[PDB]
file target_24.cif (mmCIF, C-alpha atoms (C1' of nucleotides); chains and numbers go by the auth columns)
data_data
#
loop_
_atom_site.group_PDB
_atom_site.id
_atom_site.type_symbol
_atom_site.label_atom_id
_atom_site.label_comp_id
_atom_site.label_asym_id
_atom_site.label_seq_id
_atom_site.Cartn_x
_atom_site.Cartn_y
_atom_site.Cartn_z
_atom_site.B_iso_or_equiv
_atom_site.auth_seq_id
_atom_site.auth_asym_id
ATOM 1 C CA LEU A 1 101.896 -132.555 -132.890 0.00 131 A
ATOM 2 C CA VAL A 2 98.391 -131.823 -131.603 0.00 132 A
ATOM 3 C CA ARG A 3 99.497 -131.305 -127.999 0.00 133 A
ATOM 4 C CA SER A 4 102.026 -128.718 -129.217 0.00 134 A
ATOM 5 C CA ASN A 5 99.218 -126.300 -130.202 0.00 135 A
ATOM 6 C CA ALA A 6 101.324 -125.497 -133.279 0.00 136 A
ATOM 7 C CA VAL A 7 99.695 -127.453 -136.110 0.00 137 A
ATOM 8 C CA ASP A 8 95.948 -126.995 -136.591 0.00 138 A
ATOM 9 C CA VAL A 9 95.021 -129.533 -139.300 0.00 139 A
ATOM 10 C CA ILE A 10 96.209 -133.141 -139.065 0.00 140 A
ATOM 11 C CA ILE A 11 95.357 -135.829 -141.614 0.00 141 A
ATOM 12 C CA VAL A 12 95.711 -139.576 -141.063 0.00 142 A
ATOM 13 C CA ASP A 13 95.338 -141.332 -144.402 0.00 143 A
ATOM 14 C CA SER A 14 93.737 -144.793 -144.402 0.00 144 A
ATOM 15 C CA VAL A 15 93.550 -145.552 -140.684 0.00 145 A
ATOM 16 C CA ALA A 16 93.209 -149.173 -141.807 0.00 146 A
ATOM 17 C CA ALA A 17 96.868 -149.198 -142.867 0.00 147 A
ATOM 18 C CA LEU A 18 98.374 -148.275 -139.480 0.00 148 A
ATOM 19 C CA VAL A 19 99.271 -151.819 -138.425 0.00 149 A
ATOM 20 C CA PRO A 20 100.178 -152.430 -134.762 0.00 150 A
ATOM 21 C CA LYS A 21 103.799 -152.937 -133.790 0.00 151 A
ATOM 22 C CA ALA A 22 102.891 -156.302 -132.265 0.00 152 A
ATOM 23 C CA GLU A 23 101.351 -157.485 -135.535 0.00 153 A
ATOM 24 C CA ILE A 24 104.491 -156.431 -137.413 0.00 154 A
ATOM 25 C CA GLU A 25 106.711 -158.334 -134.985 0.00 155 A
ATOM 26 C CA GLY A 26 104.594 -161.477 -135.329 0.00 156 A
ATOM 27 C CA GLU A 27 104.089 -163.597 -138.417 0.00 157 A
ATOM 28 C CA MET A 28 101.308 -163.338 -140.981 0.00 158 A
ATOM 29 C CA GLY A 29 97.846 -164.405 -139.878 0.00 159 A
ATOM 30 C CA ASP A 30 98.956 -165.291 -136.352 0.00 160 A
ATOM 31 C CA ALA A 31 95.732 -163.973 -134.793 0.00 161 A
ATOM 32 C CA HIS A 32 95.460 -160.428 -133.427 0.00 162 A
ATOM 33 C CA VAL A 33 91.667 -160.434 -133.237 0.00 163 A
ATOM 34 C CA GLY A 34 90.690 -156.778 -133.024 0.00 164 A
ATOM 35 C CA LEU A 35 94.090 -155.502 -131.902 0.00 165 A
ATOM 36 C CA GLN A 36 93.642 -152.794 -134.525 0.00 166 A
ATOM 37 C CA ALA A 37 90.282 -151.910 -132.983 0.00 167 A
ATOM 38 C CA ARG A 38 91.760 -151.758 -129.482 0.00 168 A
ATOM 39 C CA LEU A 39 94.555 -149.505 -130.714 0.00 169 A
ATOM 40 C CA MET A 40 92.129 -147.173 -132.472 0.00 170 A
ATOM 41 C CA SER A 41 89.811 -147.032 -129.459 0.00 171 A
ATOM 42 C CA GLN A 42 92.679 -146.224 -127.102 0.00 172 A
ATOM 43 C CA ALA A 43 94.086 -143.576 -129.436 0.00 173 A
ATOM 44 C CA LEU A 44 90.949 -141.424 -129.464 0.00 174 A
ATOM 45 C CA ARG A 45 90.492 -141.714 -125.680 0.00 175 A
ATOM 46 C CA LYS A 46 93.839 -139.876 -125.201 0.00 176 A
ATOM 47 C CA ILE A 47 93.701 -137.277 -128.009 0.00 177 A
ATOM 48 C CA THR A 48 90.071 -136.149 -127.799 0.00 178 A
ATOM 49 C CA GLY A 49 90.813 -134.051 -124.730 0.00 179 A
ATOM 50 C CA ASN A 50 93.817 -132.350 -126.324 0.00 180 A
ATOM 51 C CA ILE A 51 92.182 -131.738 -129.705 0.00 181 A
ATOM 52 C CA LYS A 52 89.396 -129.622 -128.218 0.00 182 A
ATOM 53 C CA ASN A 53 91.905 -127.618 -126.183 0.00 183 A
ATOM 54 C CA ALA A 54 94.220 -127.081 -129.173 0.00 184 A
ATOM 55 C CA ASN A 55 91.433 -126.341 -131.702 0.00 185 A
ATOM 56 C CA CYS A 56 92.912 -128.725 -134.265 0.00 186 A
ATOM 57 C CA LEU A 57 91.523 -131.035 -136.934 0.00 187 A
ATOM 58 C CA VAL A 58 92.351 -134.740 -136.994 0.00 188 A
ATOM 59 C CA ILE A 59 90.368 -135.738 -140.068 0.00 189 A
ATOM 60 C CA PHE A 60 90.941 -139.508 -140.342 0.00 190 A
ATOM 61 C CA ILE A 61 90.590 -141.473 -143.620 0.00 191 A
ATOM 62 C CA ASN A 62 88.879 -144.929 -143.719 0.00 192 A
ATOM 63 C CA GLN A 63 88.343 -147.796 -146.232 0.00 193 A
ATOM 64 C CA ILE A 64 85.217 -149.823 -147.195 0.00 194 A
ATOM 65 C CA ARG A 65 85.531 -153.477 -146.066 0.00 195 A
ATOM 66 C CA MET A 66 82.385 -155.491 -146.740 0.00 196 A
ATOM 67 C CA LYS A 67 81.283 -157.603 -143.782 0.00 197 A
ATOM 68 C CA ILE A 68 79.978 -161.163 -143.721 0.00 198 A
ATOM 69 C CA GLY A 69 76.811 -162.669 -142.324 0.00 199 A
ATOM 70 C CA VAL A 70 74.624 -159.597 -142.898 0.00 200 A
ATOM 71 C CA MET A 71 71.538 -160.097 -145.057 0.00 201 A
ATOM 72 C CA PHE A 72 69.336 -157.016 -144.550 0.00 202 A
ATOM 73 C "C1'" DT B 1 134.812 -142.812 -4.532 0.00 1 B
ATOM 74 C "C1'" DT B 2 130.227 -141.887 -7.315 0.00 2 B
ATOM 75 C "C1'" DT B 3 129.079 -141.687 -12.531 0.00 3 B
ATOM 76 C "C1'" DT B 4 126.527 -142.410 -18.202 0.00 4 B
ATOM 77 C "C1'" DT B 5 124.636 -139.939 -22.751 0.00 5 B
ATOM 78 C "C1'" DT B 6 122.449 -139.454 -27.667 0.00 6 B
ATOM 79 C "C1'" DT B 7 122.040 -141.301 -33.776 0.00 7 B
ATOM 80 C "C1'" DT B 8 122.572 -140.563 -38.727 0.00 8 B
ATOM 81 C "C1'" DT B 9 121.504 -140.828 -44.071 0.00 9 B
ATOM 82 C "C1'" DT B 10 119.670 -142.951 -49.082 0.00 10 B
ATOM 83 C "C1'" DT B 11 121.037 -145.274 -54.093 0.00 11 B
ATOM 84 C "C1'" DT B 12 119.477 -147.036 -58.718 0.00 12 B
ATOM 85 C "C1'" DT B 13 116.444 -148.508 -63.877 0.00 13 B
ATOM 86 C "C1'" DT B 14 115.187 -151.804 -67.603 0.00 14 B
ATOM 87 C "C1'" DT B 15 113.526 -153.759 -71.970 0.00 15 B
ATOM 88 C "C1'" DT B 16 109.874 -154.022 -77.225 0.00 16 B
ATOM 89 C "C1'" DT B 17 106.782 -157.344 -79.514 0.00 17 B
ATOM 90 C "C1'" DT B 18 103.979 -158.307 -84.293 0.00 18 B
ATOM 91 C "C1'" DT B 19 101.774 -158.020 -89.873 0.00 19 B
ATOM 92 C "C1'" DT B 20 97.651 -157.322 -93.281 0.00 20 B
ATOM 93 C "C1'" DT B 21 95.018 -156.546 -97.518 0.00 21 B
ATOM 94 C "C1'" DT B 22 93.659 -157.434 -103.656 0.00 22 B
ATOM 95 C "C1'" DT B 23 91.399 -156.080 -108.310 0.00 23 B
ATOM 96 C "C1'" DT B 24 90.010 -154.695 -112.716 0.00 24 B
ATOM 97 C "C1'" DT B 25 88.672 -156.179 -118.687 0.00 25 B
ATOM 98 C "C1'" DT B 26 89.204 -155.252 -123.822 0.00 26 B
ATOM 99 C "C1'" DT B 27 88.560 -155.479 -128.889 0.00 27 B
ATOM 100 C "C1'" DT B 28 86.333 -157.265 -134.321 0.00 28 B
ATOM 101 C "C1'" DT B 29 87.433 -159.218 -139.505 0.00 29 B
ATOM 102 C "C1'" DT B 30 86.951 -160.446 -143.880 0.00 30 B
ATOM 103 C "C1'" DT B 31 83.456 -162.978 -149.415 0.00 31 B
ATOM 104 C "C1'" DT B 32 82.315 -165.974 -152.780 0.00 32 B
ATOM 105 C "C1'" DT B 33 80.158 -167.633 -157.857 0.00 33 B
ATOM 106 C "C1'" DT B 34 76.911 -167.455 -162.770 0.00 34 B
ATOM 107 C "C1'" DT B 35 73.509 -170.597 -165.304 0.00 35 B
ATOM 108 C "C1'" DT B 36 70.698 -172.507 -169.592 0.00 36 B
#

call {"tool": "encode", "arguments": {"input": "target_24.cif", "output": "C-alpha cells"}}
result
Amino acid sequence: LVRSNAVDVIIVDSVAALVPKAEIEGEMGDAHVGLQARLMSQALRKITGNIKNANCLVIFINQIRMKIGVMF
DNA sequence: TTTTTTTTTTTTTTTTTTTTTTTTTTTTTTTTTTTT
C-alpha cells in the first residue's frame, strides 16, 4: 500500500498480535526467542525509505507487557 | 679424319595445457502473592 503512493494513512493495530508465519506453523511454546523482534526490526528497515518518499503515516499500535528482573 | 659443350628449380605446417578463492550475524519475553 505505502509504495503505491495512493494511501496516506496506514494503521497497524496491536503490532504484538502479528505473529510470524513460522510460529504459526510450529507448535505452542516451541521457542522462537525474539523472532517477533527480528520481524519487526526487518520490517521498518524496508519501509522507512518508502514512507518518507510517499508522505504516508504508518502509526503502529503497541501493548504494555511488564518485564521481569527490573527493580528500579 | 679431327672433334665436345653447358644446368635447372623448390615444397610444406603442427598442436594447447591448467584452476582458484570465501564470508557475514540477528533478535528478546513474560510475573507472582497478602499477612496478623

call {"tool": "interface_residues", "arguments": {"input": "target_24.cif", "of": "chain B", "to": "chain A", "cutoff": "9 Å", "atoms": "all atoms listed in the file", "output": "PyMOL selection string"}}
result
chain B and resi 26-31

call {"tool": "resolve_selection", "arguments": {"input": "target_24.cif", "expression": "the PyMOL selection byres ((chain A and resi 184) around 12)", "output": "JSON, numbers by chain"}}
result
{"A": [131, 132, 133, 134, 135, 136, 137, 138, 139, 140, 177, 178, 179, 180, 181, 182, 183, 185, 186, 187, 188]}

call {"tool": "write_last_selection", "arguments": {"input": "target_24.cif", "atoms": "C-alpha atoms", "output": "CSV table (one decimal), keeping the file's coordinate frame"}}
result
chain,number,residue,atom,x,y,z
A,131,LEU,CA,101.9,-132.6,-132.9
A,132,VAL,CA,98.4,-131.8,-131.6
A,133,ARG,CA,99.5,-131.3,-128.0
A,134,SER,CA,102.0,-128.7,-129.2
A,135,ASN,CA,99.2,-126.3,-130.2
A,136,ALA,CA,101.3,-125.5,-133.3
A,137,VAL,CA,99.7,-127.5,-136.1
A,138,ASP,CA,95.9,-127.0,-136.6
A,139,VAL,CA,95.0,-129.5,-139.3
A,140,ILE,CA,96.2,-133.1,-139.1
A,177,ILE,CA,93.7,-137.3,-128.0
A,178,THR,CA,90.1,-136.1,-127.8
A,179,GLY,CA,90.8,-134.1,-124.7
A,180,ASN,CA,93.8,-132.4,-126.3
A,181,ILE,CA,92.2,-131.7,-129.7
A,182,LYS,CA,89.4,-129.6,-128.2
A,183,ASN,CA,91.9,-127.6,-126.2
A,185,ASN,CA,91.4,-126.3,-131.7
A,186,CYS,CA,92.9,-128.7,-134.3
A,187,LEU,CA,91.5,-131.0,-136.9
A,188,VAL,CA,92.4,-134.7,-137.0

call {"tool": "atom_distance", "arguments": {"input": "target_24.cif", "atom1": "atom CA of residue A:191", "atom2": "atom CA of residue A:159"}}
result
24.3 Å

call {"tool": "resolve_selection", "arguments": {"input": "target_24.cif", "expression": "the PyMOL selection byres ((chain A and resi 192) around 7)", "output": "PyMOL selection string"}}
result
chain A and resi 144-146+190-191+193

call {"tool": "atom_distance", "arguments": {"input": "target_24.cif", "atom1": "atom CA of residue A:148", "atom2": "atom CA of residue A:200"}}
result
26.5 Å

call {"tool": "axis_aligned_box", "arguments": {"input": "target_24.cif", "around": "stretch 13-28 of chain B", "padding_each_side": "3 Å", "output": "AutoDock Vina command-line options"}}
result
--center_x 101.4 --center_y -153.4 --center_z -99.1 --size_x 36.1 --size_y 15.8 --size_z 76.4

call {"tool": "atom_distance", "arguments": {"input": "target_24.cif", "atom1": "atom CA of residue A:152", "atom2": "atom CA of residue A:189"}}
result
25.3 Å
